[PDB]
Amino acid sequence: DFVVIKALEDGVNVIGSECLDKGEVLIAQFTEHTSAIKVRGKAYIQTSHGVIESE
Amino acid sequence: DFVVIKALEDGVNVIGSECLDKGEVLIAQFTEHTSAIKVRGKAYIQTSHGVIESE
Amino acid sequence: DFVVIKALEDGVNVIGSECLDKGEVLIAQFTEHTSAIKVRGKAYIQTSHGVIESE
Amino acid sequence: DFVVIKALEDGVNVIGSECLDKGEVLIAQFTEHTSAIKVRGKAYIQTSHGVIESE
Amino acid sequence: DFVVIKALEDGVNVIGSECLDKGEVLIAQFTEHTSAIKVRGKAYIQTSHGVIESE
Amino acid sequence: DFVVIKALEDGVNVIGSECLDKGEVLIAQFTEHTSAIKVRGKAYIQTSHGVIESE
Amino acid sequence: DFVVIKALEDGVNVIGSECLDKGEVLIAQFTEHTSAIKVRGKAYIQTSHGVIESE
Amino acid sequence: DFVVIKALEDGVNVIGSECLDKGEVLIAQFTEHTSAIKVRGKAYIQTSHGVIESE
Amino acid sequence: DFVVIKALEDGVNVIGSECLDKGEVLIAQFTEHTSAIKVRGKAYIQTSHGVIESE
Amino acid sequence: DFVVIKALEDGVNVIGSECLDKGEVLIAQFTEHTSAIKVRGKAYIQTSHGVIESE
Amino acid sequence: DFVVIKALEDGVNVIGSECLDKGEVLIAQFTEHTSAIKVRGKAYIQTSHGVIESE
Amino acid sequence: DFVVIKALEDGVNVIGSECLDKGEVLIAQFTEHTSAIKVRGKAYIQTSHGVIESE
Amino acid sequence: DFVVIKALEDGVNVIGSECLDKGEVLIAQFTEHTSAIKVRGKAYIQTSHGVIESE
Amino acid sequence: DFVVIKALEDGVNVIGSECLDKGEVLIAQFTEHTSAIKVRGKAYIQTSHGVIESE
Amino acid sequence: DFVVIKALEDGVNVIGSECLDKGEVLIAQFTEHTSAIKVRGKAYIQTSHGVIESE
Amino acid sequence: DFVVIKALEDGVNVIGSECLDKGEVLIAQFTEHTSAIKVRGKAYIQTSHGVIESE
Amino acid sequence: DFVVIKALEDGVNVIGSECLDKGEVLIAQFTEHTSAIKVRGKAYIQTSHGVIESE
Amino acid sequence: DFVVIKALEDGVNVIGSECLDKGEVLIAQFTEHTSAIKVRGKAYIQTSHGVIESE
Amino acid sequence: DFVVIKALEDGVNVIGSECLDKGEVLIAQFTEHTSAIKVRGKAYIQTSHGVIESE
Amino acid sequence: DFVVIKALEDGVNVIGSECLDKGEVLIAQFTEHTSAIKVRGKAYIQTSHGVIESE
Amino acid sequence: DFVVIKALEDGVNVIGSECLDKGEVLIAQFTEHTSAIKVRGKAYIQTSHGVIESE
Ligand SMILES: [Au+]
Ligand SMILES: [Au+]
Ligand SMILES: [Au+]
Ligand SMILES: [Au+]
Ligand SMILES: [Au+]
Ligand SMILES: [Au+]
Ligand SMILES: [Au+]
Ligand SMILES: [Au+]
Ligand SMILES: [Au+]
Ligand SMILES: [Au+]
Ligand SMILES: [Au+]
């Protein structure tokens, strides 16, 4: 599957180590290499299980 | 799966680095090469998890 | 899967570069070659995620 | 999957290049060869995504 | 999948070229050979996408 | 899949050429050989797409 | 899949040729050999498509 | 899949030839060897198609 | 030897699985394959041992 | 042995598929190929077991 | 065995294709080649099963 | 060449042994096997030499 | 070519040695074996050269 | 040569087994395989020998 | 081609040495062996060149 | 030989599956592949046997 | 054989794809490659079967 | 066969590309190479189908 | 075939390059070499299609 | 080099044999195969040597 | 060399088959493959020979 991360503030880090500014949206698929995704800062995540808001 | 990006303003960048003008719609499938999609600017994205609005 | 594009005005371009007149409907499947579809002009798209209206 | 095209007027062209008269119904499956189907004229199409009316 | 055709009048042609009389029902599966089914005359078709009435 | 045919009158023919009397029920699976099933006479058929009544 | 036949009267024949008495229940799976099941007499059948009552 | 048989009385026979006393529950999966299960006596069966009561 | 079956009503089954309508007469010889003949419905049988009337 | 069929009306069919007119008599022996003889229409049959009248 | 045909009128045809005039008698044995004998016209046949009169 | 036989009454025999009902028309070509055609009953024959009426 | 012989009376002999009854019509082609045809009795012959009446 | 069959009513059978509706015209050539053509129902046939009307 | 000789009196000789009685008709084809045909007595000959009357 | 089809109305189908509009004329020769030609709709056909009008 | 097409107006298309102006005449023979000739526009065709006028 | 073209005015082109002056006559046979003949200008053509006048 | 050219004036050229004086007649057959014949001057030509007068 | 042909009227022929309608423009380069270009009808040609107007 | 086509209206076709909308400009070079360029619709072309306006 895949996750959808909308960065609600600048400098949101996404560690597979990408960085997003405010208003961007990263749609990330899971690979063999990427087995865990850690999200820092204020962001809005949509997964298959629902939505969540990281701070 | 695939995502649907409607560009609501000109010069929306979609990084696999394509560019869209206002009113166009890009339907993008995920491949081996494209494991992450970053969307800049004002756009309206529909995924399997729902809809979202990048700015 | 596949998408359904109803061209609501003449000269709608669909880039895999086909062109549609007003009232036609193109049902397009995704292949290995076609990994992204860009739709210009005024058209009405139905996907699995729902409907959308390109301008 | 497959699509269902009911030709609501005579001479409806379906390009894989078959022709239908008024009142006939063509149920078409997707193959390796048929990756895109274009429908001309007035017809009523049922897909998995719903129904649509080509003109 | 498969389709269900109830012939509501005599002489309904089903082209894979079978003929049905009034009241019969043909349940037809899709094979490699049968990639398209055209139905003439007055008949009542049930597919996975729903029902339709050919004339 | 499979279909369920309840013969509502005597002498119902099912062509793969079996015959059913009134009140019997034949549950028929699709094989490589059986690609089409034609039902004559008055019978009540349940498929995955729903129910239908052949006459 | 599989079917569930509850014999509501004695001597119910199930042809793959088994016989059931009143009150017994036979749960039958489909194999390569068993491609069609014919049920005689008064019995109550549950399939994936629903329930039915053979007489 | 699998079936769930609750024996509501003593000496319930389950033929693949196991015997159950009153109050026990046998959860039985289908194998290559077990293609048909016959249940005698008073028992309460849950399948994927629903519940039924053998007598 | 051989048997003579006059079908006195429609749909008489003769299992070696042939079907006879009312008024027809089947004269059947015994082969290596046909070692037993079962007659259903109302029919009038003449054998070497005499006549009999199946119902 | 052999059977004697006197056709009492026109168009009597004898299936081994010969046809007889009214007043003709066919005396038919049993061979390896002909193991069963079915008689349609109105005819008068004499066998070793006696006489019979097909209708 | 053998049959005895007395031709009671001229031009009686006997198909194994011999022709008899009035008053002649043909005694015919059954061979491998002659497995069925058809008699036209007015004739009087004696077999082992008795006598009969073809017209 | 070929002949055209219109059967003006039922049970018209055409020996190459086909049978025709009233109103049917058989157009028969000559082959190596079919060197002579005999027509019984009431029929209307058109050949290259003209027409004729068999009775 | 071929000849058309309508037998106007019973027992008409045609020697290539076939026999015709009254009202039948034999259409005979010429082969390597059949180099001459002799017609006895009352019959009506159509050839390419015209018609003739044998007695 | 070839024949021309105009079907004057629905469901006209042409056996070489094709079926024609009312108003259609089949022009059929003779091959090695097709040595005889039988026409059922009401139809209007033109051959080299002239025209005829099957019923 | 072929000739048609109707013998108008008894004992008409046809030398290829056949003999005809009064009323018979011989239709004779030309072969390699038969290069000349001489007709004696009273007879009526039809050829492709017309008719003639030998005496 | 060959046939001449003048399409008197739009959408006339000619099955060897070509389509003609109103006023066009198709002159079709017979090949090994094309052994039968079926004409639908209103058209005016000239053959060697004459003219005919399909509807 | 061959056909004669007189183009009565400009731009008459002849598909084997040649084009004719008003007043020209094309005499076309049939080859192995050219098995069907379609004529558009207003033209005057002479064949062996007669004349016709395409529009 | 062959065609006869009388050039009624100067500079008549005949494309197989020959040119004729006024009063000359070209008699042209059809070969393997010449499968179609186009005639320009004012000329008078005689074919087997009749005469025609190109302009 | 062959053509007949009567030279009605002196010096008539016939190109296969022969010359004719007034009153002579040349009867010319078509060969492999002579595929076209051009006639100059005043002459009177008879072909199979009829007569014509070159000037 | 190359030439520019603007077709000022319909049906302008350009022989290398292409056809142009009114208002179209063909820009044609010279190849090894195309050593001469002939222009019919009313057209406006621009070359390196200047412009010209064909009629 | 190369040509410059400014599309002055929508849907201008350029056949080497590309399509241009109003206001776009295509600068096209000549290759081995592209030896001729045909321009439809209203467009403004600049070549080395000057400018021209296709309609
Ligand atoms: Au950062
Ligand atoms: Au376009
Ligand atoms: Au039919
Ligand atoms: Au039993
Ligand atoms: Au039956
Ligand atoms: Au006889
Ligand atoms: Au018959
Ligand atoms: Au003699
Ligand atoms: Au069509
Ligand atoms: Au010239
Ligand atoms: Au043209």
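Just so you know, all these numbers are worked out from the coordinates, no wet-lab data involved. FYI the Cβ positions are ideal-geometry reconstructions off the backbone, even for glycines, and counts take in every protein chain you see.
Worth a mention:
- Rounded to the nearest 0.05, the FRET efficiency derived from the C-beta distance between residue K:24 and residue N:15 at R0 = 60 Å is 0.90.
- Computed Rg/Rh of the protein assembly as shown, alpha carbon atoms with Kirkwood Rh: 1.07
- When +1 charges are put on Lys and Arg Cβ atoms and -1 charges on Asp and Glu Cβ atoms, the dipole computed for the protein assembly as shown relative to its Cα centre reaches about 820 debye.
- Computed from point charges on the beta carbon alone (+1 for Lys and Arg, -1 for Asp and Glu), the dipole magnitude for chain Q about its Cα centre is near 80 Debye.
- Look at the stretch A:33-43: the mean tally of other chain Cβ atoms within 10 Å of its residues' Cβ atoms is 0.
- Among A:7, D:26, T:2 - extreme Cα towards positive end, dipole of the protein assembly as shown, charges at beta-carbon: D:26
- Euclidean distance of C-alpha centroids, region E:38-55 and region K:2-55, integer Å: 60
- For the axis carrying chain K to chain C: nearest C-beta residue of K, whole Å: K:32, 85
- Pairs exceeding a 21 Å alpha-carbon distance, out of D:22/F:42; T:22/U:42; I:6/J:38; P:42/Q:22: D:22/F:42; P:42/Q:22.
- Dipole-positive endmost among I:45, T:16, M:37 within the protein assembly as shown (Cβ charges, Cα centre): I:45
- Local electrostatic count at residue E:23 - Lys and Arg +1, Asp and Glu -1, tallied over other residues with Cβ under 13 Å: -1
- Using distinct alpha-carbon pairs, which all enter the 1/r mean, Kirkwood radius of chain B in Å: 11.1
- Under Karplus coefficients 6.51, -1.76 and 1.60, residue-wise ³J(HN,Hα) of region H:3-10 in Hz, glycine/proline x: 10, 10, 10, 9, 7, 8, 8, 6
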